[PDB]
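First, one chain by itself in structure tokens, the form deposited in one PDB entry.
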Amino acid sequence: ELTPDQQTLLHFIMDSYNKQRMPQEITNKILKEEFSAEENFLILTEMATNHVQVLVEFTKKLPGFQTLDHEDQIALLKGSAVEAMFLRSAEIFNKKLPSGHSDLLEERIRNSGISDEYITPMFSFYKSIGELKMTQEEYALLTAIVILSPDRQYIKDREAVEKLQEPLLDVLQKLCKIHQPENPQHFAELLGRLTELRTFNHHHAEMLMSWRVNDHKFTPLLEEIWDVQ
């Protein structure tokens, strides 16, 4: 059973999620540009600033977001930006999106000044995620439920976020029975991988500082959402 409320809700989210595409002229740079450490970082920076914009536009459409406390609206974006960005790339690597150019994207990530410490677990995570064999609807809902985490730092009205989140967890919960009655513990596996995804918040802050002390800079938008000083 999937409630009618939950079917419309779900298709509405697929609207937002499908609508989130970044232009080809931008993503073609993953394949097109020279491969050197400096160009690799530049391109990752550019895919990221572009992606953040798309992120915001997706979050905006999330039902009831536009009627949240403004201060909390920001606390969520900053809170979820990394986790959401890691899921998007997980989808690219696992689903082999043409426009993601995954093999070349991996080459660029592997030579952009990131410590092995972080590369190893990052790719372990992507591998595990793929093994869940998630649909596009699941990637989409997880991103939605990640953005609307009520446990982020500096949220005032926690319960008001719970209310926006709980329905999406419910819909995902169902999809996990309905699109996989074979494996029972599928939904729980997803949630565990979310915990695993949380650990990348700390890695990413060290990644940023390493980059910065080696005189890389980001964009003003990234600098805001990632809190670069």
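Rigid core here is just the name for the largest C-alpha set that superposes within 1.5 Å across the two forms. Numbers follow the displayed sequence, beginning with 1.
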(request) With reference to the PDB entry, specify whether the mean Cα temperature factor is higher for 18-26 or for 216-224. (result) 18-26
(request) Look over 101-109 and 123-131 in the entry and identify the one with the greater average Cα temperature factor. (result) 123-131
(message) Highest Cα temperature factor in the entry, among the options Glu159, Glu91, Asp116, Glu83: which one is it?
(response) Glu159
(request) From the list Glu182, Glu196, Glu33, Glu38, select the residue with the highest C-alpha B factor recorded in the entry. (result) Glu182
(request) Going by the recorded CA B-factors, say which third of the chain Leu172 sits in, lowest, middle or highest. (result) highest
(request) Consider only the C-alpha atoms of the modelled residues in this chain, order them by B-factor as the entry records it, and name the third containing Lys60: lowest, middle or highest. (result) highest
(message) By the recorded C-alpha temperature factor, relative to the other modelled residues in its chain, which third is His203 in?
(response) middle
(message) Lowest, middle or highest third: which one holds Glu46 when the chain's residues are ordered by CA B-factor from the entry?
(response) lowest
(request) Place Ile178 in the lowest, middle or highest third of its chain's C-alpha B-factors, as listed in the PDB entry. (result) highest
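One more form of this protein, deposited in another entry, exists but is not displayed; see below.
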(message) For the core superposition between the shown form and the other one, please identify the residue among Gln73, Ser149, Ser99, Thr135 whose CA shift reaches 2 Å or more.
(response) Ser99
